[PDB]
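Only one chain is given next, in structure tokens, and it is the form deposited in one PDB entry.
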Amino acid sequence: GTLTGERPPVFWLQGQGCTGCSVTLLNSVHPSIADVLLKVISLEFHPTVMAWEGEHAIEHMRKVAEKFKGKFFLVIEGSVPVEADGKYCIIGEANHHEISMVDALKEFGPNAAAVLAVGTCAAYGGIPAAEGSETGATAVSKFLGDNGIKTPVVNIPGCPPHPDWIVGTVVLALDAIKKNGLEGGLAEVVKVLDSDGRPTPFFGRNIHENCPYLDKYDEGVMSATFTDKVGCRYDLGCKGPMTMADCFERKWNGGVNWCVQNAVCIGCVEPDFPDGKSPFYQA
């Protein structure tokens, strides 16, 4: 990119998130996050990093949204809680009126070019929707569907996702749009999503079938302590067999480690995370 190139507007709204999906993106190696912000996208609203604040920040987003109606990208980080008339997540206040996450998604969702549900919470409900919760935490695609909102959704799950999955899905979409225009481009993106809405370049391969300890699994050679790095981690709770992600190859944090080498995979990109992947430390 260039400082002088075309950069589409992005609004990043946090519902029931932990900010981990923003922090993971800050860890992008190639392109660096500086290059993403200055050369790839125009991040017009993001509560963690933007200059302005309060009702002024909300109104700035609304002004951009009107100018780019149908064309902005809406990132959602966290689930959307529907109980108690939306009161479990208030994201702002303007005109003396509080704005719940429910309100915000109903306002901006219909007018986005696409909604990127970043993280397992936004994609599938995640920890806020797990057993023992009581806020009505809802995944983005389900909330939009329940409310008659037809805007395309792309899920980029993980708790957190790898930065390469987030940046790479943006690049996939921008490439498709450059070639085909907005509607033709988004149609080409949808064609490369799996049944759980995940881009197959990143989520189309199984961890276990590509794992370097697979020979030990087949031999029945299982580590009995976490620090034994020779054996397979299945008896310690590894969920690699049920997990679709490319972590075995790209690894984490500049390639320095990944979950299976260090401890176990907990299945963090899967629709049933956490409850269907728990207990974490037994098979």
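Don't overthink the numbering: it's just position in the shown sequence, from 1. In this text, the rigid core denotes the largest set of C-alpha atoms whose superposition between the two forms falls within 1.5 Å.
The mean Cα B-factor in the deposited entry runs higher for 177-185 than for the other of 74-82 and 177-185.
In this entry, the higher average B-factor at the C-alpha atoms falls on 127-135, of the pair 157-165 and 127-135. Sorting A245, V49, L236, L38 by the CA temperature factor given in the entry leaves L38 at the top. Annotation for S100, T120, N210, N147: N147 ranks highest, by Cα B-factor. Annotation for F226: C-alpha temperature factor in the middle third relative to the rest of the modelled chain, per the entry. Ranked within its chain, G220 lands in the highest third, by CA B factor from the PDB record. The deposited CA B-factor of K251 belongs to the lowest third of values across its chain. Per the PDB record, residue ranking by Cα B-factor puts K87 in the middle third of the chain. Ranked by C-alpha B-factor against the other modelled residues of its chain, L116 falls in the lowest third.
Below, we turn to the form deposited in another entry, even though it does not appear here.
In a core superposition between the shown form and the other one, the Cα of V36 is the only one among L43, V36, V64, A57 shifting by 2 Å or more. CA of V256 to CA of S32: farther apart by 3 Å or more in the other entry than in the shown form.
Annotation: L193/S32 CA-CA distance shorter in the other entry than in the displayed model, change of at least 3 Å.
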